Amino acid sequence: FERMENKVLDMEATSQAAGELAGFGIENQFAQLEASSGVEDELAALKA
Amino acid sequence: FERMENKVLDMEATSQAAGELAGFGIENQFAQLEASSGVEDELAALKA
Amino acid sequence: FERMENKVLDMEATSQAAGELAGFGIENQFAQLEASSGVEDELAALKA
Amino acid sequence: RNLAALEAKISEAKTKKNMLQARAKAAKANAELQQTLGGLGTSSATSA
Amino acid sequence: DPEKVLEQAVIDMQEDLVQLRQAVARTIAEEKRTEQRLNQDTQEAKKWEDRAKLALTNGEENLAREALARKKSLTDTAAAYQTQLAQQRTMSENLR
Amino acid sequence: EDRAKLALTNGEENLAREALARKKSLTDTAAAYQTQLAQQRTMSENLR
């Protein structure tokens with residue numbers, strides 16, 4: 001169980017290393033994706 | 001019974017793998033098939 | 001614990017040596033960064 | 001009673017030293033990151 | 001040549017930014033591991049509190065106070081790991 | 001666009017907005033090929 005717990009702590013350390021690294025433009029791209037989804041809802045309201 | 005249960009679990013894993021893969025256009029084609037069926041019902045109402 | 005405490009005191013002495021050395025222009029650059037942040041808030045108020 | 005006290009003393013001493021070693025290593029790692037972020041090659045760039 | 005010196009300085013800066021990425025990734029793992037420790041210590045503190053509730057249900061106040069002494073030790077250890085974590089959070093932001 | 005009209009006829013605004021996102025991608029790709037074509041038309045006349 002201690003060997004498995006050391007592998008869990010390696011996945012936690014890997015997740016911490018990804019979390020500090022992964023600051024990206026893609027969050028602003030998701031805001032543009034939500035705006036595009038809002039345009040498809042406005043086209044659905046126009047169709048209705 | 002455990003060997004048969006392992007083959008059942010292989011069919012469940014195969015069904016899970018198909019279920020995650022099988023996202024397709026065909027669902028919109030089924031909506032067009034239901035619309036075409038509605039046209040045949042409108043032609044049946046016209047005949048009646 | 002005394003060997004670890006001597007290494008902590010070496011980090012304190014290193015922090016004191018950095019603190020007396022690190023008098024720099026960058027504090028005036030941070031005042032310019034805060035002024036630039038104020039311009040982005042004025043552009044956000046203009047957009048609103 | 002001596003054995004119960006001995007086990008308590010061992011357990012507390014071991015865990016306190018282990019977490020002190022871990023926090024000391026993390027503290028010196030952060031101090032070296034701040035020192036290396038300050039200690040840039042500006043004299044070599046200026047010489048070019 | 002000054003162009004070769006400034007290009008070498010830019011190359012050395014690629015090694016330095018990789019070292020600082022490693023130091024950030026290490027610090028991120030240390031904060032996540034000390035969070036994991038204090039999280040499991042506080043879950044064990046709940047187990048020892050429920051062991052005390054079982055002891056009180058049986059009328060064994062001696063075992064209830066002993067189980068609460070395990071709860072105290074675990075919550076104090078979680079507060080020590082929260083104090084250690086506060087140093088990791090500030091160092092993690094400093095390196096960032 | 002006709003796939004979106006079928007989706008709106010079935011009330012599936014989610015599928016309608018998804019189909020309109022394919023329409024957007026295709027018309028933007030056609031505008032990129034019209035821009036590329038404008039360079040081919042001018043080069044074709046230059047060589048002529």
# chains A, B, ... in the order shown; residues from 1 in each chain; ligands from 1
call {"tool": "residues_around", "arguments": {"residues": "residue 43 in chain A", "least_positions_apart": "6", "cutoff": "9 Å", "atoms": "only C-alpha atoms", "output": "list in words"}}
result
residues 13, 16, 17 and 20 of chain F
call {"tool": "interface_residues", "arguments": {"of": "chain F", "to": "chain B", "cutoff": "12 Å", "atoms": "only C-alpha atoms", "output": "tab-separated table (two decimals) with C-alpha atoms, in the first residue's frame"}}
result
chain	number	residue	atom	x	y	z
F	2	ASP	CA	-30.36	22.35	-44.01
F	3	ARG	CA	-29.15	19.95	-41.22
F	4	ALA	CA	-29.64	22.90	-38.81
F	5	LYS	CA	-33.21	23.50	-40.24
F	6	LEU	CA	-34.02	19.80	-39.60
F	7	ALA	CA	-32.60	20.09	-36.04
F	8	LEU	CA	-34.73	23.26	-35.39
F	9	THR	CA	-37.82	21.42	-36.82
F	10	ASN	CA	-37.14	18.66	-34.21
F	11	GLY	CA	-36.51	21.38	-31.50
F	12	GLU	CA	-32.80	20.34	-31.04
F	14	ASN	CA	-27.97	22.15	-29.53
F	15	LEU	CA	-27.60	20.20	-32.83
F	16	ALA	CA	-28.71	23.30	-34.81
F	18	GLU	CA	-23.39	22.57	-33.85
F	19	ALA	CA	-24.47	22.30	-37.54
F	22	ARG	CA	-19.84	23.51	-39.47
call {"tool": "interface_residues", "arguments": {"of": "chain D", "to": "chain E", "cutoff": "10 Å", "atoms": "only C-alpha atoms", "output": "compact mmCIF listing (two decimals) with C-alpha atoms, in the first residue's frame"}}
result
# COMPACT_ATOMS: atom_id res chain seq x y z
CA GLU D 12 7.08 12.57 17.51
CA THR D 15 7.94 12.99 12.23
CA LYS D 16 8.95 16.52 13.44
CA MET D 19 8.69 17.60 8.15
CA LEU D 20 11.40 20.13 9.22
CA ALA D 22 11.10 18.71 3.95
CA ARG D 23 10.17 22.38 4.70
CA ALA D 24 13.87 23.41 4.89
CA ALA D 26 11.44 23.53 -0.04
CA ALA D 27 12.49 26.90 1.51
CA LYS D 28 16.08 26.74 0.09
CA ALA D 29 14.70 25.61 -3.31
CA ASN D 30 12.43 28.71 -3.43
CA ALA D 31 15.34 30.95 -2.26
CA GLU D 32 17.58 29.57 -5.10
CA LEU D 33 14.72 30.15 -7.63
CA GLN D 34 14.37 33.82 -6.50
CA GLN D 35 18.21 34.24 -6.52
CA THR D 36 18.54 32.76 -10.07
CA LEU D 37 15.58 34.92 -11.30
CA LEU D 40 20.36 37.18 -14.98
CA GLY D 41 23.17 37.55 -17.62
CA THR D 42 22.66 41.38 -18.00
CA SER D 43 26.46 42.11 -18.03
CA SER D 44 26.97 39.70 -21.01
CA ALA D 45 24.02 41.27 -22.91
CA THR D 46 25.41 44.78 -22.11
CA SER D 47 28.88 43.69 -23.37
CA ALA D 48 27.34 42.56 -26.72
call {"tool": "closest_atom_pairs", "arguments": {"of": "chain E", "to": "chain A", "cutoff": "7 Å", "atoms": "only C-alpha atoms", "output": "tab-separated table"}}
result
residue	atom	partner	partner_atom	distance
E:24	CA	A:20	CA	6.9
E:25	CA	A:17	CA	3.9
E:26	CA	A:17	CA	6.9
E:28	CA	A:16	CA	4.5
E:29	CA	A:13	CA	3.7
E:32	CA	A:16	CA	6.2
E:33	CA	A:9	CA	6.5
call {"tool": "write_last_selection", "arguments": {"atoms": "C-alpha atoms", "output": "short mmCIF file (atom, residue, chain, number, x, y, z; two decimals), in the first residue's frame"}}
result
data_model
loop_
_atom_site.label_atom_id
_atom_site.label_comp_id
_atom_site.auth_asym_id
_atom_site.auth_seq_id
_atom_site.Cartn_x
_atom_site.Cartn_y
_atom_site.Cartn_z
CA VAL E 24 8.29 25.58 -9.96
CA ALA E 25 7.21 21.99 -10.81
CA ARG E 26 9.00 20.64 -7.68
CA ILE E 28 3.94 22.57 -7.00
CA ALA E 29 4.44 18.88 -6.08
CA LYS E 32 0.12 19.22 -3.39
CA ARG E 33 1.81 16.51 -1.21
#
call {"tool": "atom_distance", "arguments": {"atom1": "CA of residue 42 in chain E", "atom2": "CA of residue 78 in chain E"}}
result
6.6 Å
call {"tool": "closest_residue", "arguments": {"among": "E:55, E:45, E:86, E:38", "to": "residue 69 in chain E", "atoms": "only C-alpha atoms"}}
result
E:45
call {"tool": "atom_distance", "arguments": {"atom1": "CA of residue 29 in chain F", "atom2": "CA of residue 36 in chain A"}}
result
16.8 Å
